[PDB]
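To keep things clear, I will list the structure first and then write my remarks on it.
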Ligand SMILES: [Zn+2]
Ligand SMILES: [Zn+2]
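Residue numbers (the authors' numbering), protein chains in the order written: chain N, 1 to 8; chain w, 12 to 125; chain o, 674 to 817.
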């Protein structure tokens, strides 16, 4: 829910 | 290139080499009909399958409210300002983000790719 | 025991005032978001005009997605850094993050600046409807 590399 | 059918039983013809005159023929297997080959080409395969999708784009697509349109690009034929643009909308299009354009206004349906 | 009694003296809390940032911080966050959206628009225009060239090992779709994701993530990180600069010493979100008791700088940033990109299956929100994400968006919209 954050970014592509983070968390969903 | 294309497929042609027999004129008696409307079945599918097949290519056959004429051994005597060295002329390609198409013969129906279920009867004795034979017709000489005019095109001289049989099996064409485009592996890159590069096909202009302007042939696959319908003019009616100009009536879709869900598509975006711009007044920047005018039509070539009628010079209409509205033009509805969209991407390939096709699977196995390789990689193409090109915008295709369809002219709004009735019955023009001109399609340009820029 | 002794630290809990000192905490009875000093006290600890979380409120709305921790989530609020300076007006300048909010303005900077907004400017960063505007710049990022404009850069994504520029990348989309490059792809539409076919100027974009595929990155080695990636398709044009994949390289476009990677470039857009990079721009969006960089803007998100910059907004988060601005929000974290805004934090005071008295800020309690910062207190819990610095102590390590709970929370992270990502949580502070999302609370104060930008929630960030919502990604499903490692990609941006998919085109669930026909060539669009929701019915409210126009077809073939790759913007943020
Ligand atoms: Zn026949
Ligand atoms: Zn026209």
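For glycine and all other residues, C-beta sits at the position ideal for the given N, C-alpha and C.
Nonlocal neighbours in the same chain, by C-beta distance under 6 Å from residue i, ignoring five residues either side
i                      : result
residue 72 of chain w  : 113
residue 122 of chain w : 65, 68 and 113
residue 720 of chain o : 737
residue 22 of chain w  : 39 and 41
Unbroken beta strand (DSSP E) run spanning residue i, endpoints
i                      : result
residue 88 of chain w  : Element bounds for residue 88 of chain w: n/a, residue is neither H nor E.
residue 94 of chain w  : 94 to 97
residue 140 of chain w : The structure shown has nothing for residue 140 of chain w, since chain w only spans 12 to 125.
residue 37 of chain w  : 35 to 39
residue 778 of chain o : No beta strand (DSSP E) holds residue 778 of chain o; the alpha helix (DSSP H) holding it covers 778 to 785.
Buried/exposed call for residue i, threshold 16 Cβ in 10 Å
i                      : result
residue 705 of chain o : buried
residue 703 of chain o : exposed
residue 713 of chain o : buried
residue 815 of chain o : buried
residue 741 of chain o : buried
Candidates the options: closest to residue i by CA position
i                      : options                       : result
residue 766 of chain o : o:776, o:676 and o:743        : o:776
residue 781 of chain o : o:690, o:753, o:696 and o:697 : o:753
residue 759 of chain o : o:773, o:779 and o:786        : o:786
8 Å Cβ cut-off: residues of chain o touching residue i
i                      : result
residue 115 of chain w : Within 8 Å Cβ-Cβ: nothing; residue 115 of chain w doesn't reach chain o, min ~15 Å.
Residue span of the alpha helix (DSSP H) that contains residue i, given as start and end
i                      : result
residue 743 of chain o : 733 to 759
residue 699 of chain o : 696 to 721
residue 2 of chain N   : Looking at the DSSP string, residue 2 of chain N is not in any alpha helix (DSSP H), and its letter there is neither H nor E.
residue 680 of chain o : 675 to 683
residue 767 of chain o : 765 to 772
Chain N residues whose Cβ lies nearer than 8 Å to that of residue i
i                      : result
residue 675 of chain o : Here the premise fails: no neighbours, minimum Cβ distance about 37 Å.
Contacting residues, own chain, Cβ-Cβ under 7 Å from residue i (five flanking each side not counted)
i                      : result
residue 793 of chain o : 799
residue 81 of chain w  : 94 and 96
residue 885 of chain o : Look at the range of chain o in this structure, 674 to 817, and you will see that residue 885 of chain o is not part of it.
Contacts that residue i makes with chain o (C-beta to C-beta distance below 9 Å)
i                     : result
residue 85 of chain w : In chain order: nothing, as chain o lies at least about 17 Å away.
Amino acids of chain w, ordered along the chain, whose beta-carbon sits closer than 9 Å to that of residue i
i                      : result
residue 817 of chain o : Near residue 817 of chain o there are no residues of chain w at all, since even the closest Cβ is about 16 Å away, more than 9 Å.
Within chain N, partners of residue i - CB distance below 9 Å
i                      : result
residue 704 of chain o : Within chain N, no residue comes near residue 704 of chain o; the closest Cβ sits about 20 Å away, beyond 9 Å.
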